[PDB]
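Considered here are two forms of the same protein chain, supplied as structure tokens in two stand-alone entries, structure 1 and structure 2.
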Structure 1
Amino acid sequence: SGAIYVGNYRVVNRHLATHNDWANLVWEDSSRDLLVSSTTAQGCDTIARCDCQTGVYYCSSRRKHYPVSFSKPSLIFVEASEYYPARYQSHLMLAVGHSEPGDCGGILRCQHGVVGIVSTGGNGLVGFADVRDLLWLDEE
């Protein structure tokens, strides 16, 4: 689990969104595994605006931060999940590293701020849902 808090926005994995997330929906994309809900409290997190391909992610299944190299956001096919059908995910970045079902929402960050959240795992790979193209997160 995990979320991004920027301004009056909460970013979570779409498959982990709560009833309150959906009751306060700003935006969701099934193809990206993202949902954004509105918050009353102001968020502190800064979204990276950059093309970094290196950063650090939090891995809850190891209680560790790992530095990773990752691919640019792409349409990637993702193998079977106990949350989704095996299918295409857009705006996904892959790295070599550890990711298990509870690692979703772990934040990937570079020097510019938050890059994305853990969305996929298995086969020694970790997939991150990119948020850097969501420029609208930085106003209203």
Structure 2
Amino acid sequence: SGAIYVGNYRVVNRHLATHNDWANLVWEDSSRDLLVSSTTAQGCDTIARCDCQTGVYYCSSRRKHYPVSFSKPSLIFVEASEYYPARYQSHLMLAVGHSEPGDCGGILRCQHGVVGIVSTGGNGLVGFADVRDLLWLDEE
């Protein structure tokens, strides 16, 4: 679990969105595994606006933040799951890293701010949903 809190927005994995998230929906995209809802209180996270390919992510199944090198946002095949069928997840970045169902939500960040959230994983893999192209998170 986990979310990004920027301005009056809450960014979560679409597959983990609550009823309150759907009832206060701003935007959602199943191909990216992202959903944004509105919040009453202002958040403290800042979004990175950069092309970093190195950063650090939080892994709840290890209670640890790990430094990682990650690929550029791309269209990557994701294995069937209890959440989406075999499909191309878009705007996804991969890294070698520990991951477990439970971990989606964790923030990946660089020196500039939040880069994205844990969305997929593998045997020694973890995938990240990029948010750096969502410029509207910084306003309104």
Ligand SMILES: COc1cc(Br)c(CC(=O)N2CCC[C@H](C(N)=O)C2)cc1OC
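Structure 1 provides the reference sequence; residues are numbered from 1 along it. We call the rigid core whatever largest set of C-alpha positions still superposes within 1.5 Å between the two forms.
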Identity of the form deposited with the named molecule bound among structures 1 and 2: 2
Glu82: Cα shift between structures 1 and 2 after core superposition, Å, came to 2.7
For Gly124, what C-alpha shift in Å is seen between structures 1 and 2 once the core is overlaid? 1.1
Superposed on rigid core, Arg32 CA travels between structures 1 and 2 a distance in Å of 0.2
